[PDB]
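S.K.: Below is the sequence, then the experimental coordinates.
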Amino acid sequence: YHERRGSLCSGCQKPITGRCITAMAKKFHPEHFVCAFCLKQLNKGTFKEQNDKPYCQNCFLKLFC
Ligand SMILES: [Zn+2]
Ligand SMILES: [Zn+2]
């Protein structure tokens, strides 16, 4: 069986069995947590956020700078 809950991946509304990203309290499957700009892919390890949405540090560095 998985863990106790699994945390729903914001966007999937389904538990995250395995690694899990935690944004503004919103979770995301480590593969569904993408940049709210290019939507290519994203990781809390080095992402950024603006207007309440994720953005790769390179993106934020491109949008915010
Ligand atoms: Zn998901
Ligand atoms: Zn991006």
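M.R.: Looks like it came in fine. Residues are numbered from 1 along each chain as shown. Ligands and ions are numbered 1, 2, ... in the order given.

S.K.: Quick one: the helices in this protein, in order.
M.R.: Taking DSSP state H, the helices of the chain run over residues 57-63.

S.K.: who in it is up against ligand 1?
M.R.: Counting by CB under 5 Å from the ion, the residues of the chain close to ligand 1 are 9, 12, 29, 32. C-beta here means a position set from N, CA and C on the backbone, and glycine is covered the same way.

S.K.: got CSV for these, with neighbour count too?
M.R.: What follows is the residues of the chain next to ligand 1, written out as CSV (neighbours: other CB atoms under 10 Å):
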residue, neighbour count
9, 20
12, 13
29, 21
32, 17
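
S.K.: Which of the residues you listed fall in strands?
M.R.: Among those, no member falls in strands (DSSP state E).

S.K.: need the contact list for the residue minimising distance to the centre of the chain.
M.R.: Among the residues of the chain, the one closest to the centroid is residue 33, at 3.1 Å (CA atoms, centre = their mean). By CB atoms under 8 Å, 6 or more residues apart in numbering, the contact set of residue 33 is 9, 21, 23, 41-44, 47, 54.

S.K.: let's go with 6 Å and repeat that
M.R.: Counting by CB atoms under 6 Å, 6 or more residues apart in numbering, residue 33 makes contact with 21, 42.

S.K.: what's the spacing between it and residue 22?
M.R.: Taking CB to CB, to the nearest Å as the measure, residue 33 falls 9 Å from residue 22.

S.K.: Kindly report the residues of the protein close to ligand 2.
M.R.: Within reach of ligand 2 by CB under 5 Å from the ion, the chain has these residues: 35, 37-38, 56, 59.
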